[PDB]
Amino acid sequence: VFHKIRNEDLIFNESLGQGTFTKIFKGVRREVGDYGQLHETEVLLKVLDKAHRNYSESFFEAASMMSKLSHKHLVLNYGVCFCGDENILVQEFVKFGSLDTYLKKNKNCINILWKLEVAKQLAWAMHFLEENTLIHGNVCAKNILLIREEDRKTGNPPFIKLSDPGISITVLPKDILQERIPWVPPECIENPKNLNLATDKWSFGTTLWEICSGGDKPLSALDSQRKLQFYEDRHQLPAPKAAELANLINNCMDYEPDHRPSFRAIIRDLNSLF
C-alpha cells in the first residue's frame, strides 16, 4: 500500500497538461526524509476526480501494483494523497520529461546509437514486468521519462524510466481505446478482455516507431473510425525514419499475439544491431 501524503504537505505550482481522465501538475512535497531531514521535493502530481470512481480505482490499483516492484527503469511513486474529492498520485519529477516531447524539442538530432540505448532500457524494463507477469497496458513514447541526457565525455547513455500504467484499457471507453490505435493492439480493440502480456509487445513496437520517428505520432491523420478500419484491414505501420528498427517493429506488431517475441529475445535482437 502506498504511503499516504497529507494535502497540507503538497503545494501545487504549475498546470502541465492532461492525461486520460487525469490532470497533471508540478508541485512540491514537504517531507521528513532520511535522517529526519526536512526536504522540499519537486513532484509530479496526477489528479483523478473521485466521482469517476471506477477510473480512480483502476488507476491507483495499477500504480500501486507496479510500485511494489522497485526497478531502476520503473518510475518512483512517492505515495498518494486522498485529497478530499480527488485522489492524487505523487510521483518523482523526471528532469527531462516525456521522450516524445524531448525528441521534438531536440529536432530529432539524436543518433541511432542513442535510440538503441533507450530501446534496450525499455526492453529490460519490459522483461522485468514479463518475468513478474504484470501487464502495463499503456506503453508509449510519452510514457518514457528521460532522467538524464547522454554525456559524451563519460560515454554514459541517456537513462529512462517507464511511467505508471494509468487507467486500464479493460475499463476505458471503447472510443478512448480507438483513439489509442495503434498502441492498443487489434485483439484488444476486438475485445478488451483480450488484454494480455502480449499487449505490451505490440505497444513496444509502436513505441519504437515513435522513437525512430522523432516523436511523431503514427496514424495521426486518421480518425477513430479510420483507425478501427486500419485494423479491420490488417495494415502495418510504415517503416520509420530511422529504418534500422523497422524489422523489430514489424516483428513486435504481429497480428497474432502468440507470435510476438519475448522481451528476452527482443533484447538479444537489439544487442545484435551492433
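Quick note: we count residues from 1 along the sequence shown, nothing fancier.
With 186 to 194 and 97 to 105 compared on mean CA B-factor from the PDB entry, the stretch scoring higher is 186 to 194. According to the PDB record, 168 to 176 carries the higher mean C-alpha B-factor of the two stretches 168 to 176 and 111 to 119. Take 217, 53, 26, 46 and read off each C-alpha B-factor from the entry; 53 has the highest.
Between the residues 82, 202, 159, 128, the entry's highest C-alpha temperature factor is the one at 82. Ranked by Cα temperature factor within the chain, residue 143 sits in the lowest third according to the deposited record. In this PDB entry, the Cα temperature factor of residue 163 sits in the bottom third of its chain's modelled residues, the lowest group. Among all modelled residues in its chain, residue 87 ranks in the middle third by Cα B-factor. Compared with the other modelled residues of the chain, the Cα B-factor recorded for residue 261 ranks in the lowest third. The entry lists a Cα temperature factor for residue 206 that places it in the lowest third of the chain's modelled residues.
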